[PDB]
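A lone chain, given as C-alpha cells: the form deposited in one PDB entry.
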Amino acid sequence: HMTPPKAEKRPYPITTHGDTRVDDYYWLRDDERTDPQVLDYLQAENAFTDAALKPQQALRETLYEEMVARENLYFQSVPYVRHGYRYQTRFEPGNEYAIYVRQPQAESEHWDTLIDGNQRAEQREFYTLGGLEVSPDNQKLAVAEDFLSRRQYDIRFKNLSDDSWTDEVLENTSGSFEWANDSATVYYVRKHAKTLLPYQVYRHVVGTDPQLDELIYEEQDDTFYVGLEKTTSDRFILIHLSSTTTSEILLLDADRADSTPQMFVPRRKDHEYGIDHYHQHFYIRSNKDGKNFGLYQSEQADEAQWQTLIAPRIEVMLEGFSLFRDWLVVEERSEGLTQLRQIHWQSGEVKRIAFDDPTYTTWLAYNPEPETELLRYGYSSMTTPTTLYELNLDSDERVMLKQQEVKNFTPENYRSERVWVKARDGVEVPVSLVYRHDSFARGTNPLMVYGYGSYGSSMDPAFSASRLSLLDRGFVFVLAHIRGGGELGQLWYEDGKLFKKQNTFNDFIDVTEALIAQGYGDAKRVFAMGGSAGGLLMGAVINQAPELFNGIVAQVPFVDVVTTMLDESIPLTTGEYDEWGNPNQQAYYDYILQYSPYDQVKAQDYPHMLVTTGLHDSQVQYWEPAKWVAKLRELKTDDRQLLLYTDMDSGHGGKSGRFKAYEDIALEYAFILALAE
C-alpha cells in the first residue's frame, strides 16, 4: 500500500586507507539537532510507522493492559539497617515517584520521611534521584538529583533534625559522593563542563559556599572514569580510576583532616583491580596473574606483598566479593552458571550455595553491614520471579525476604531448558529458553531469539513479566549467550570483540539454526531482537543471514560503526577503541568494515523490521538508525515491513517512565505478534 518516506541522497565521500565509501545520508547527522530537513525525515518516518501499525492498536491496548495487570500492591522495598536506622522505599498508586522513609532500628511503629520525590519534583519538568546517603552521625542527608534530564547531578544537604535544607548546591556532578567520618565533609566527582566525563574530585564542607571547595584530584586520561567508594572498614574513601582494561585506586584517610590521595598500585595497561579494606587488611580482586581474576590479601599497597587467597582459574570467572565478620563470600561464573561460594576466615571451610533450576542467575545483593552472619542474595530464573533470600552463613538457614509479585501467573504452566550449541568453529555456546507447556508442539512454535554480545555484559537467565505476553501466545523465548558477552567469563568476552567480534554474529546464527534443526520452533516464524550493541548484532545478522528471520526488532542500534569509530567528536568513540578497535588503523578498518551493518546493506531481501531511535537523548546517536533505514529502503529488494520509530519526547521519569516503557514493549510485541499470526 503506502509509499514510505524517501530521504534525499547527498553523496558524501569518506576516504580511509585509500578506500572511498560514499555515504548518501551523512547529512542526517546534525549535532545541533535544528536542521529542519533532518527533523522532517524523522517526523515523516514516525508518521509512516503510525500509519502502518494503526491496525495493531487493539492488540497494543490488550498487551499494555495485561502487562500492567501483572504488577502492583504498588511496592515497598525490603527494609535494610545501616548505622542503627531502618530504611524502606515506598511506591503508592497515584504517586509518580518513590518516597524514602526511615526509623531508628529499635523503633517499629513510626516512620520518618527522608525524601519524597513527588515533593522534590513539584513545579519541575523532570526528576531523577541519582543518589541518597545519610551521614555517619545520622544528622544530615546528602542527595544527588537531576531536574534537567542530562544526567548532570546537583548535590544538596538536608538537616534531618528540623527538615531544613542547607543553602548550597554542588552542580554538574556524577552523583558519586562519600561522607568523611566527621559527618561534615563530603567528597564528590565533578564532570567536565564540555565532555561531561567525570574527571575531578572535590572536598566540600556542608553548609559552605562551593566556591571554597578544594580540588583533591584531576584525571588526565578521559578514557578513565572517576568514581568514589568507601571501604567496609570506613577507614578510607577510594578514588577509583578505571578504563575498560586498566584501573588505579588512590586512598583518602576518612578520619583525619586535610587528607591527600595516597597511591595504591600505579596504572598498568590490562591490569584491572578493585580493593576494599576490612579487618586491618586490603582485599584485592585483580587480573594481574590471569584473565578470570584472583582475590588477594595485603597489609600495604605494594603489589609484590599481595598474598593469594583465590588464584585465577581458567574454568571459573571471579566477578566480585563481599566481606563479613566470619566469612568471605564470592560471586563467580562456571560452566555458564552464576554461583556464590563462602570461605570461613578461620577454618577455611568452603560452602557452595545450592539451587535446582537449569536457567537461573544468583548475585550478591545489598549488604551494608559486615558484622553479621546473614547474607542477602538475589535469585531469578526463566520460570521463577526475582527473589531476595537471607542466608545464615553459619547454619545454612535460607529464608525468602521478598518475591516479585506476578498476577495472572501460574509458574508450572512454563518449562525452561539449557541447550548447548556446537558453533561452526566447534566452540560450545550456551542457550537458555522458556515456553508455555500446553501450547508447545515441536517444529510449530514461533521463536524469539534475544542477544546482546558486547562489553562482557551477560544476558543472564532471569524472569520477565512482560515476556509472558509472548509465552502465553505460543512463543519459545531464547537467550543466546553468544561470545562478546560474559556468560563463560573473560575469554568469552575477548573471543567476541576486536578481531574476534564476528564470533558474536556467527554464534547468534549458529544457535538459531540449531534450535530450528532440533525442533524448538517453526523455521518460518523465527524472530529476533536486540538493542544498542544488540542492535549492531541485529544489523550484522540480517546482512549475513537475511532468510533466517521472519521479523526483527532493532532498538537504538549501533550500525554506522566504521564512520562513527573514525570520528572522536561523537560521544563514546574515544572510550570504544578497546571494544571494536580503532579504524584509523587499516587492520581494524578492514575487520570492522566487514560487519559494519550500514556499510554492508545490499540489494537483497530482508526480514520485516522495526527500528527504534531517540532524538533528544542518544547512546547510539539518532542518525545511525535513520541513515540505516534510508539505505535499506533504497536497496532492499523485498516488499516487507520496514519501520523507523523515533522517540521525540523532551524526556521521561517516575511511573510515567515505566508507563512509556510498557507502551514501547506493547508496540514492539504487537509488531512481532502480527507477523506471527
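C-alpha atoms forming the largest set that superposes within 1.5 Å between two forms make up the rigid core. One rule holds for the numbers: they count along the sequence shown, beginning at 1.
The protein also exists as the form deposited in another entry; that form is not presented, and the subsequent description refers to it.
Q: Taking only shifts of 2 Å or more in Cα after a rigid core superposition between this form and the one not shown, tell me which of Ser381, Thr564, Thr173, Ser454 qualifies.
A: By this measure, the answer is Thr173.
Q: Cα of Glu487 displaced 2 Å or more between this form and the one not shown, core superposed?
A: It does not, since the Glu487 C-alpha is displaced less than 2 Å between this form and the one not shown after the core fit.
Q: After a rigid core superposition, would you say the CA of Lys524 moves by 2 angstroms or more between this form and the one not shown, or not?
A: After core superposition, the displacement of the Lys524 C-alpha between this form and the one not shown stays below 2 Å, so no.
Q: Core-aligned, is the CA shift for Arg633 between this form and the one not shown 2 angstroms or more?
A: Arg633: C-alpha displaced by less than 2 Å between this form and the one not shown.
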